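Participant: Take this sequence and fold it.
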Amino acid sequence: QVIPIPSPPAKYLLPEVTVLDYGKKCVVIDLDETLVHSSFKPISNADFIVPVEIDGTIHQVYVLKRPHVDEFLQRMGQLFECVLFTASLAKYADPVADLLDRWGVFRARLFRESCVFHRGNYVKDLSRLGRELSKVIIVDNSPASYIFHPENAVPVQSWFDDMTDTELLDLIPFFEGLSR
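Facilitator: Numbering: from 1, shown residues only. Below, you will see the structure:
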């Protein structure tokens, strides 16, 4: 009581759903190989460059945007409570999301701290979100991420650099139809 006790830990990944989000499915979206592909190998046509300090030293990260990601994120931001959920380091993923999400589309961003190590893999345990599970969808290229919840996952192919990819555009009418 004398001096303030540090903040007591939340029991759920997300806060309670806000007003503008009542009645909306929660869509958990992955970052790496889902929305973008990053390397440390320099390329001339990167979409973003992000400097990341690890162990006191600066790495330049080169980020390519999967085709149609802007249009996809824009429409998802209109229809759902969107949550970025990655097993990537927040020091990397956060500044990337700042450049990618220019429109307040993501209600929340969850990184490595929100993933659990299970038998070689980093799992996104959807029962921890604080949301109705029949009202959660996961958009993620790595089935190992959703090992506990494969019924909530629409299959998403890993994306590296193929500019003919249209999976995010094809996701739009799928998600519109289940917005109903």
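Participant: CA atoms for contacts and neighbours, from now on please.
Facilitator: OK.
Participant: Verify the stated contact: residue 115 with residue 122.
Facilitator: Yes: here residue 115 reaches residue 122: they are 5.7 Å apart, a contact under C-alpha atoms under 8 Å.
Participant: who touches both of those two?
Facilitator: Residues touching both residue 115 and residue 122 (C-alpha atoms under 8 Å, 6 or more residues apart in numbering): residue 87.
Participant: center of the chain - which residue?
Facilitator: residue 84 (2.6 Å; C-alpha atoms, centre = their mean).
Participant: for the host helix or strand of that residue, packing partners?
Facilitator: Assigned by DSSP states H and E, residue 84 belongs to strand 81-85. Taking 3 or more C-alpha pairs under 8 Å, 6 or more residues apart in numbering; DSSP states H and E as contact, the helices and strands that strand 81-85 lies on are strand 26-29, strand 106-110.
Participant: Would you map the helices across this protein?
Facilitator: Under the criterion DSSP state H, helices of the chain are mapped to 69-79, 90-100, 167-179.
Participant: Residue 107 is nearest to which of the ones you listed?
Facilitator: Closest of the helices of the chain to residue 107 is helix 69-79, at 8.7 Å (criterion: C-alpha to C-alpha).
Participant: Give me the contact list for the strand of greatest length in the chain.
Facilitator: Longest strand in the chain by number of residues (criterion: DSSP state E): strand 57-65. Contacts of strand 57-65 with the rest of the structure, by C-alpha under 8 Å, 6+ apart, involve 35-43, 45-53, 160-161.
Participant: Generate a PyMOL selection restricted to the buried entries among those.
Facilitator: Only the buried entries of the contacts of strand 57-65 go into this PyMOL selection, using 16 or more other C-alpha atoms under 10 Å:
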select buried, resi 35+36+37+38+47+49+50+51+52+160
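Participant: Buried residues in stretch 87-95, which are they?
Facilitator: Applying 16+ other C-alpha under 10 Å to stretch 87-95 flags 87, 88, 90, 92, 93, 94 as buried.
Participant: from the chain's centre, how far out does it sit?
Facilitator: 10 Å (C-alpha atoms, centre = their mean, to the nearest Å).
Participant: With stretch 67-79 instead?
Facilitator: Taking C-alpha atoms, centre = their mean, one finds the center of stretch 67-79 at 13 Å from the center of the full chain.
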